[PDB]
>>> print(open('coords_14.cif').read())   # mmCIF, C-alpha atoms; chains and numbers go by the auth columns
data_query
#
loop_
_atom_site.group_PDB
_atom_site.id
_atom_site.type_symbol
_atom_site.label_atom_id
_atom_site.label_comp_id
_atom_site.label_asym_id
_atom_site.label_seq_id
_atom_site.Cartn_x
_atom_site.Cartn_y
_atom_site.Cartn_z
_atom_site.B_iso_or_equiv
_atom_site.auth_seq_id
_atom_site.auth_asym_id
ATOM 1 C CA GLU A 1 -5.365 -3.930 -1.142 0.00 1 G
ATOM 2 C CA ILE A 2 -7.014 -6.965 0.498 0.00 2 G
ATOM 3 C CA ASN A 3 -4.648 -9.606 -0.756 0.00 3 G
ATOM 4 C CA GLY A 4 -3.954 -11.439 2.451 0.00 4 G
ATOM 5 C CA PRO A 5 -2.723 -10.596 5.987 0.00 5 G
ATOM 6 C CA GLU A 6 0.188 -8.427 4.865 0.00 6 G
ATOM 7 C CA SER A 7 -2.240 -6.158 3.027 0.00 7 G
ATOM 8 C CA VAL A 8 -4.394 -5.861 6.176 0.00 8 G
ATOM 9 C CA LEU A 9 -1.405 -4.700 8.212 0.00 9 G
ATOM 10 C CA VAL A 10 -0.115 -2.240 5.644 0.00 10 G
ATOM 11 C CA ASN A 11 -3.592 -0.739 5.117 0.00 11 G
ATOM 12 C CA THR A 12 -4.315 -0.440 8.834 0.00 12 G
ATOM 13 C CA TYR A 13 -1.186 1.636 9.333 0.00 13 G
ATOM 14 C CA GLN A 14 -1.733 3.605 6.113 0.00 14 G
ATOM 15 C CA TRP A 15 -5.186 4.491 7.391 0.00 15 G
ATOM 16 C CA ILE A 16 -3.731 5.775 10.660 0.00 16 G
ATOM 17 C CA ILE A 17 -1.147 8.007 9.001 0.00 17 G
ATOM 18 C CA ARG A 18 -3.828 9.214 6.562 0.00 18 G
ATOM 19 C CA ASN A 19 -6.229 10.036 9.382 0.00 19 G
ATOM 20 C CA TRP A 20 -3.614 11.013 11.951 0.00 20 G
ATOM 21 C CA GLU A 21 -4.854 14.619 12.462 0.00 21 G
ATOM 22 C CA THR A 22 -8.282 13.419 13.613 0.00 22 G
ATOM 23 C CA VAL A 23 -6.961 10.207 15.145 0.00 23 G
ATOM 24 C CA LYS A 24 -4.558 12.188 17.364 0.00 24 G
ATOM 25 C CA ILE A 25 -7.384 14.244 18.772 0.00 25 G
ATOM 26 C CA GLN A 26 -9.626 11.309 19.429 0.00 26 G
ATOM 27 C CA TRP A 27 -6.780 9.422 21.049 0.00 27 G
ATOM 28 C CA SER A 28 -6.401 12.359 23.493 0.00 28 G
ATOM 29 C CA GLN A 29 -10.081 13.061 24.102 0.00 29 G
ATOM 30 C CA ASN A 30 -12.304 10.073 23.321 0.00 30 G
ATOM 31 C CA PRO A 31 -10.141 6.922 23.248 0.00 31 G
ATOM 32 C CA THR A 32 -13.016 4.430 23.716 0.00 32 G
ATOM 33 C CA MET A 33 -14.420 5.692 20.425 0.00 33 G
ATOM 34 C CA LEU A 34 -11.073 5.419 18.695 0.00 34 G
ATOM 35 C CA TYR A 35 -10.422 1.906 20.035 0.00 35 G
ATOM 36 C CA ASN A 36 -13.896 0.817 19.001 0.00 36 G
ATOM 37 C CA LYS A 37 -13.505 1.917 15.391 0.00 37 G
ATOM 38 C CA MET A 38 -14.643 -0.811 13.009 0.00 38 G
ATOM 39 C CA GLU A 39 -11.548 -0.096 10.886 0.00 39 G
ATOM 40 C CA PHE A 40 -9.414 -2.001 13.453 0.00 40 G
ATOM 41 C CA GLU A 41 -11.423 -5.213 12.995 0.00 41 G
ATOM 42 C CA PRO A 42 -9.195 -6.562 10.121 0.00 42 G
ATOM 43 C CA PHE A 43 -5.969 -6.083 12.123 0.00 43 G
ATOM 44 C CA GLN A 44 -7.687 -7.646 15.097 0.00 44 G
ATOM 45 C CA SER A 45 -8.468 -10.806 13.128 0.00 45 G
ATOM 46 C CA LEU A 46 -4.704 -11.347 12.804 0.00 46 G
ATOM 47 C CA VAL A 47 -4.040 -10.962 16.523 0.00 47 G
ATOM 48 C CA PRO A 48 -3.959 -14.384 18.283 0.00 48 G
ATOM 49 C CA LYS A 49 -7.415 -14.941 19.801 0.00 49 G
ATOM 50 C CA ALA A 50 -6.036 -16.233 23.108 0.00 50 G
ATOM 51 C CA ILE A 51 -4.134 -13.023 23.886 0.00 51 G
ATOM 52 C CA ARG A 52 -5.886 -10.138 22.074 0.00 52 G
ATOM 53 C CA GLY A 53 -7.544 -8.913 25.230 0.00 53 G
ATOM 54 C CA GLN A 54 -4.389 -8.869 27.288 0.00 54 G
ATOM 55 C CA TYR A 55 -2.548 -7.069 24.541 0.00 55 G
ATOM 56 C CA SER A 56 -5.314 -4.482 24.516 0.00 56 G
ATOM 57 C CA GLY A 57 -5.408 -4.116 28.310 0.00 57 G
ATOM 58 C CA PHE A 58 -1.650 -3.635 28.147 0.00 58 G
ATOM 59 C CA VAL A 59 -1.705 -1.075 25.340 0.00 59 G
ATOM 60 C CA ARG A 60 -4.653 0.821 26.834 0.00 60 G
ATOM 61 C CA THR A 61 -2.655 1.160 30.045 0.00 61 G
ATOM 62 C CA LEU A 62 0.452 2.449 28.220 0.00 62 G
ATOM 63 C CA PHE A 63 -1.579 5.019 26.346 0.00 63 G
ATOM 64 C CA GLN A 64 -3.069 6.270 29.635 0.00 64 G
ATOM 65 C CA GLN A 65 0.416 6.550 31.092 0.00 65 G
ATOM 66 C CA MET A 66 1.326 8.711 28.100 0.00 66 G
ATOM 67 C CA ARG A 67 -1.716 10.879 28.617 0.00 67 G
ATOM 68 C CA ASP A 68 -0.942 11.275 32.353 0.00 68 G
ATOM 69 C CA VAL A 69 2.796 11.925 32.048 0.00 69 G
ATOM 70 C CA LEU A 70 3.264 15.445 30.659 0.00 70 G
ATOM 71 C CA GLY A 71 5.743 15.834 27.853 0.00 71 G
ATOM 72 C CA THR A 72 5.925 12.151 26.871 0.00 72 G
ATOM 73 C CA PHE A 73 3.819 12.230 23.702 0.00 73 G
ATOM 74 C CA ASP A 74 5.259 9.844 21.093 0.00 74 G
ATOM 75 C CA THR A 75 3.450 9.760 17.755 0.00 75 G
ATOM 76 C CA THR A 76 5.056 6.679 16.302 0.00 76 G
ATOM 77 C CA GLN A 77 4.451 4.628 19.508 0.00 77 G
ATOM 78 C CA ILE A 78 0.833 5.665 19.461 0.00 78 G
ATOM 79 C CA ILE A 79 0.531 4.723 15.761 0.00 79 G
ATOM 80 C CA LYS A 80 2.325 1.365 16.215 0.00 80 G
ATOM 81 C CA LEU A 81 0.380 0.171 19.220 0.00 81 G
ATOM 82 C CA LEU A 82 -3.069 1.585 18.367 0.00 82 G
ATOM 83 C CA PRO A 83 -4.496 -1.369 16.507 0.00 83 G
ATOM 84 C CA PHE A 84 -3.784 -3.572 19.512 0.00 84 G
ATOM 85 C CA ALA A 85 -5.948 -1.375 21.710 0.00 85 G
ATOM 86 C CA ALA A 86 -9.025 -2.382 19.630 0.00 86 G
ATOM 87 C CA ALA A 87 -9.750 -5.636 21.559 0.00 87 G
ATOM 88 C CA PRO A 88 -11.964 -5.709 24.674 0.00 88 G
ATOM 89 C CA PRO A 89 -9.336 -5.319 27.387 0.00 89 G
ATOM 90 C CA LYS A 90 -8.255 -8.029 29.829 0.00 90 G
ATOM 91 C CA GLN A 91 -5.879 -7.145 32.631 0.00 91 G
ATOM 92 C CA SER A 92 -2.777 -8.942 33.671 0.00 92 G
ATOM 93 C CA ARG A 93 0.503 -8.107 35.369 0.00 93 G
ATOM 94 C CA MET A 94 2.397 -9.375 32.345 0.00 94 G
ATOM 95 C CA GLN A 95 4.889 -7.179 30.520 0.00 95 G
ATOM 96 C CA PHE A 96 5.207 -7.551 26.778 0.00 96 G
ATOM 97 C CA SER A 97 8.236 -6.701 24.814 0.00 97 G
ATOM 98 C CA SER A 98 6.533 -7.754 21.619 0.00 98 G
ATOM 99 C CA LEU A 99 3.045 -8.022 20.240 0.00 99 G
ATOM 100 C CA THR A 100 2.322 -10.731 17.717 0.00 100 G
ATOM 101 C CA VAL A 101 0.205 -10.652 14.554 0.00 101 G
ATOM 102 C CA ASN A 102 -0.329 -13.892 12.561 0.00 102 G
ATOM 103 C CA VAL A 103 0.742 -13.669 8.941 0.00 103 G
ATOM 104 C CA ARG A 104 0.130 -16.919 6.985 0.00 104 G
ATOM 105 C CA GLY A 105 0.819 -19.188 9.976 0.00 105 G
ATOM 106 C CA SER A 106 3.896 -17.157 11.017 0.00 106 G
ATOM 107 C CA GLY A 107 3.774 -15.193 14.267 0.00 107 G
ATOM 108 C CA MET A 108 5.200 -11.768 13.465 0.00 108 G
ATOM 109 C CA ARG A 109 6.613 -9.630 16.298 0.00 109 G
ATOM 110 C CA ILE A 110 5.787 -5.980 16.564 0.00 110 G
ATOM 111 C CA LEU A 111 8.369 -4.834 19.078 0.00 111 G
ATOM 112 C CA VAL A 112 6.998 -2.438 21.714 0.00 112 G
ATOM 113 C CA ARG A 113 10.174 -0.434 21.815 0.00 113 G
ATOM 114 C CA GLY A 114 11.700 0.361 18.440 0.00 114 G
ATOM 115 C CA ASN A 115 11.616 -1.051 14.909 0.00 115 G
ATOM 116 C CA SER A 116 10.822 -4.597 13.802 0.00 116 G
ATOM 117 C CA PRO A 117 10.353 -6.500 10.540 0.00 117 G
ATOM 118 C CA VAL A 118 6.655 -5.623 10.684 0.00 118 G
ATOM 119 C CA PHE A 119 6.909 -1.963 11.822 0.00 119 G
ATOM 120 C CA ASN A 120 9.871 0.074 10.661 0.00 120 G
ATOM 121 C CA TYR A 121 9.977 3.808 11.092 0.00 121 G
ATOM 122 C CA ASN A 122 12.743 5.908 9.595 0.00 122 G
ATOM 123 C CA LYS A 123 13.255 8.930 11.826 0.00 123 G
ATOM 124 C CA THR A 124 14.983 11.041 9.124 0.00 124 G
ATOM 125 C CA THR A 125 12.682 10.459 6.152 0.00 125 G
ATOM 126 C CA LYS A 126 9.700 10.055 8.505 0.00 126 G
ATOM 127 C CA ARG A 127 8.733 7.056 6.395 0.00 127 G
ATOM 128 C CA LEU A 128 6.816 4.161 7.934 0.00 128 G
ATOM 129 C CA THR A 129 7.424 0.861 6.197 0.00 129 G
ATOM 130 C CA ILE A 130 5.259 -2.129 7.045 0.00 130 G
ATOM 131 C CA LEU A 131 6.574 -5.557 5.920 0.00 131 G
ATOM 132 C CA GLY A 132 8.479 -3.844 3.160 0.00 132 G
ATOM 133 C CA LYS A 133 5.631 -1.598 1.906 0.00 133 G
ATOM 134 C CA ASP A 134 5.469 2.158 2.345 0.00 134 G
ATOM 135 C CA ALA A 135 2.612 3.101 4.709 0.00 135 G
ATOM 136 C CA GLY A 136 3.375 6.808 4.218 0.00 136 G
ATOM 137 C CA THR A 137 5.327 9.574 5.858 0.00 137 G
ATOM 138 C CA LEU A 138 4.473 11.102 9.209 0.00 138 G
ATOM 139 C CA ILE A 139 3.946 14.839 9.207 0.00 139 G
ATOM 140 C CA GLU A 140 5.752 16.443 12.108 0.00 140 G
ATOM 141 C CA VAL A 141 11.184 9.780 29.136 0.00 141 G
ATOM 142 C CA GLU A 142 9.159 6.836 27.689 0.00 142 G
ATOM 143 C CA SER A 143 5.709 6.416 29.204 0.00 143 G
ATOM 144 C CA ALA A 144 4.284 3.763 26.794 0.00 144 G
ATOM 145 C CA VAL A 145 6.745 0.895 26.858 0.00 145 G
ATOM 146 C CA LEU A 146 6.291 -0.886 30.257 0.00 146 G
ATOM 147 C CA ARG A 147 3.085 -1.182 32.268 0.00 147 G
ATOM 148 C CA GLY A 148 3.647 0.629 35.605 0.00 148 G
ATOM 149 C CA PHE A 149 7.064 2.081 34.797 0.00 149 G
ATOM 150 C CA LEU A 150 8.697 5.023 33.081 0.00 150 G
ATOM 151 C CA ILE A 151 11.900 4.683 31.147 0.00 151 G
ATOM 152 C CA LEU A 152 13.925 7.583 32.541 0.00 152 G
ATOM 153 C CA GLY A 153 16.831 7.196 30.144 0.00 153 G
ATOM 154 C CA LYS A 154 19.991 5.317 29.384 0.00 154 G
ATOM 155 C CA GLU A 155 21.536 2.805 31.820 0.00 155 G
ATOM 156 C CA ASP A 156 22.693 4.241 35.167 0.00 156 G
ATOM 157 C CA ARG A 157 25.293 1.794 36.603 0.00 157 G
ATOM 158 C CA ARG A 158 24.576 3.120 40.135 0.00 158 G
ATOM 159 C CA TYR A 159 21.396 1.142 40.062 0.00 159 G
ATOM 160 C CA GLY A 160 23.444 -1.993 39.354 0.00 160 G
ATOM 161 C CA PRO A 161 22.983 -4.996 37.025 0.00 161 G
ATOM 162 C CA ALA A 162 20.068 -4.909 34.621 0.00 162 G
ATOM 163 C CA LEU A 163 16.912 -6.932 35.419 0.00 163 G
ATOM 164 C CA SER A 164 14.922 -8.665 32.741 0.00 164 G
ATOM 165 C CA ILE A 165 11.430 -7.254 32.071 0.00 165 G
ATOM 166 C CA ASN A 166 10.204 -10.335 34.066 0.00 166 G
ATOM 167 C CA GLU A 167 12.027 -9.499 37.312 0.00 167 G
ATOM 168 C CA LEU A 168 10.333 -6.095 37.830 0.00 168 G
ATOM 169 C CA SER A 169 7.610 -7.559 40.034 0.00 169 G
ATOM 170 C CA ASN A 170 10.068 -7.121 42.912 0.00 170 G
ATOM 171 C CA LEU A 171 10.550 -3.336 42.628 0.00 171 G
ATOM 172 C CA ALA A 172 8.790 -1.061 45.109 0.00 172 G
ATOM 173 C CA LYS A 173 7.030 2.073 43.857 0.00 173 G
ATOM 174 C CA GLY A 174 9.377 4.983 43.216 0.00 174 G
ATOM 175 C CA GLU A 175 12.152 2.405 42.965 0.00 175 G
ATOM 176 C CA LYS A 176 14.492 2.351 39.978 0.00 176 G
ATOM 177 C CA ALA A 177 16.516 -0.328 38.139 0.00 177 G
ATOM 178 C CA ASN A 178 18.286 -0.929 34.934 0.00 178 G
ATOM 179 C CA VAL A 179 16.266 -3.138 32.555 0.00 179 G
ATOM 180 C CA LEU A 180 17.287 -5.240 29.555 0.00 180 G
ATOM 181 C CA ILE A 181 14.528 -3.652 27.490 0.00 181 G
ATOM 182 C CA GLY A 182 15.145 -5.295 24.066 0.00 182 G
ATOM 183 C CA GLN A 183 17.761 -5.352 21.263 0.00 183 G
ATOM 184 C CA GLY A 184 21.162 -4.460 22.794 0.00 184 G
ATOM 185 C CA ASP A 185 19.545 -1.932 25.150 0.00 185 G
ATOM 186 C CA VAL A 186 19.590 -1.327 28.874 0.00 186 G
ATOM 187 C CA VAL A 187 17.632 1.617 30.222 0.00 187 G
ATOM 188 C CA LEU A 188 16.942 3.027 33.645 0.00 188 G
ATOM 189 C CA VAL A 189 13.347 2.662 34.678 0.00 189 G
ATOM 190 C CA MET A 190 11.365 3.733 37.650 0.00 190 G
ATOM 191 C CA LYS A 191 8.324 1.961 38.956 0.00 191 G
ATOM 192 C CA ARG A 192 5.554 4.568 39.140 0.00 192 G
ATOM 193 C CA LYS A 193 3.866 5.738 42.350 0.00 193 G
ATOM 194 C CA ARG A 194 0.699 6.255 40.301 0.00 194 G
ATOM 195 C CA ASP A 195 -1.430 3.643 38.516 0.00 195 G
ATOM 196 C CA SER A 196 -2.999 4.421 35.144 0.00 196 G
#
>>> encode(input="coords_14.cif", output="structure tokens")
Amino acid sequence: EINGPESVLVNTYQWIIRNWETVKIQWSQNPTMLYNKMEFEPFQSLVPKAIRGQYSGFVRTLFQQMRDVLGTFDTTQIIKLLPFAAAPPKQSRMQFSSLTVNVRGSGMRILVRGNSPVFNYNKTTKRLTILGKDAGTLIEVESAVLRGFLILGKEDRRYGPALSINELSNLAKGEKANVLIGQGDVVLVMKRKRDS
């Protein structure tokens, strides 16, 4: 269905679920090829031109963190963020809690952690809904939310008051803090000793 921006989004994610068995493998083994797939061009046209590259740099880094940190594979996070990795990457130190696509003049937020009006995944039914439309069902520590950090788990009061995602510049490597990550949530994070 190519009736406007909403159709482009729904179809992009439908294509990923449809092709997930091959897409998974390529994501693991040959990501440049996956990111360069011409099927991500439509989605990319909806991503604000001024920030596409940074978004991609950001998402490419998260994906590498996931590849490097054993046991942190997260299918829905990979599916959600994948189209944003299709831009030529530009680096920054910026942390994004949401990634915007432009739908008829409106800037729609795809939240990096969790569900949003654009990307809603039902963990029980395994159904992915995209702006109201079914994109299909998925057949069966957070390493791909913040750039340079792992989310270790729920808030640990011992590490004190929660920082905003913006105040994490001040952490040393190996250091941990609570972070207001989005929604009602505070989570314990650790700045990584490795770069990805």
>>> residues_around(input="coords_14.cif", residues="segment 161-164 of chain G", least_positions_apart="5", cutoff="10 Å", atoms="all atoms listed in the file", output="ChimeraX atom specification")
/G:155-156,177-182,185-188
>>> write_last_selection(input="coords_14.cif", atoms="C-alpha atoms", output="mmCIF file, in the coordinates of the input")
data_model
loop_
_atom_site.group_PDB
_atom_site.id
_atom_site.type_symbol
_atom_site.label_atom_id
_atom_site.label_comp_id
_atom_site.auth_asym_id
_atom_site.auth_seq_id
_atom_site.Cartn_x
_atom_site.Cartn_y
_atom_site.Cartn_z
ATOM 1 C CA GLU G 155 21.536 2.805 31.820
ATOM 2 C CA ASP G 156 22.693 4.241 35.167
ATOM 3 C CA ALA G 177 16.516 -0.328 38.139
ATOM 4 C CA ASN G 178 18.286 -0.929 34.934
ATOM 5 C CA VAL G 179 16.266 -3.138 32.555
ATOM 6 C CA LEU G 180 17.287 -5.240 29.555
ATOM 7 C CA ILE G 181 14.528 -3.652 27.490
ATOM 8 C CA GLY G 182 15.145 -5.295 24.066
ATOM 9 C CA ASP G 185 19.545 -1.932 25.150
ATOM 10 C CA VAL G 186 19.590 -1.327 28.874
ATOM 11 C CA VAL G 187 17.632 1.617 30.222
ATOM 12 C CA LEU G 188 16.942 3.027 33.645
#
>>> closest_residue(input="coords_14.cif", among="G:136, G:8, G:28, G:37", to="residue 68 of chain G", atoms="all atoms listed in the file")
G:28
>>> resolve_selection(input="coords_14.cif", expression="the PyMOL selection byres ((chain G and resi 196) around 12)", output="PyMOL selection string")
chain G and resi 57-69+143-144+146-150+192-195
>>> residues_around(input="coords_14.cif", residues="residue 89 of chain G", least_positions_apart="4", cutoff="7 Å", atoms="all atoms listed in the file", output="mmCIF file with C-alpha atoms, in the frame of the given file")
data_model
loop_
_atom_site.group_PDB
_atom_site.id
_atom_site.type_symbol
_atom_site.label_atom_id
_atom_site.label_comp_id
_atom_site.auth_asym_id
_atom_site.auth_seq_id
_atom_site.Cartn_x
_atom_site.Cartn_y
_atom_site.Cartn_z
ATOM 1 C CA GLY G 53 -7.544 -8.913 25.230
ATOM 2 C CA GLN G 54 -4.389 -8.869 27.288
ATOM 3 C CA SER G 56 -5.314 -4.482 24.516
ATOM 4 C CA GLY G 57 -5.408 -4.116 28.310
#
>>> atom_distance(input="coords_14.cif", atom1="atom CA of residue 168 of chain G", atom2="atom CA of residue 152 of chain G")
15.1 Å
>>> closest_residue(input="coords_14.cif", among="G:10, G:172, G:165, G:16", to="residue 75 of chain G", atoms="only C-alpha atoms")
G:16
>>> residues_around(input="coords_14.cif", residues="residue 83 of chain G", least_positions_apart="4", cutoff="10 Å", atoms="only C-alpha atoms", output="PyMOL selection string")
chain G and resi 9+12-13+16+34-37+39-44+47+56+59+78-79+87
>>> closest_residue(input="coords_14.cif", among="G:175, G:45, G:20, G:73", to="residue 102 of chain G", atoms="all atoms listed in the file")
G:45
>>> closest_residue(input="coords_14.cif", among="G:26, G:32, G:3, G:166", to="residue 96 of chain G", atoms="only C-alpha atoms")
G:166
>>> closest_residue(input="coords_14.cif", among="G:6, G:1, G:21, G:167", to="residue 139 of chain G", atoms="all atoms listed in the file")
G:21
>>> resolve_selection(input="coords_14.cif", expression="the PyMOL selection byres ((chain G and resi 93) around 9)", output="ChimeraX atom specification")
/G:58,91-92,94-95,147,169
>>> residues_around(input="coords_14.cif", residues="residue 123 of chain G", least_positions_apart="5", cutoff="12 Å", atoms="all atoms listed in the file", output="count of residues only")
10
>>> resolve_selection(input="coords_14.cif", expression="the PyMOL selection byres ((chain G and resi 108) around 12)", output="count of residues only")
25
>>> closest_residue(input="coords_14.cif", among="G:142, G:97, G:4, G:125", to="residue 71 of chain G", atoms="all atoms listed in the file")
G:142
>>> atom_distance(input="coords_14.cif", atom1="atom CA of residue 189 of chain G", atom2="atom CA of residue 85 of chain G")
23.6 Å
>>> atom_distance(input="coords_14.cif", atom1="atom CA of residue 7 of chain G", atom2="atom CA of residue 38 of chain G")
16.8 Å
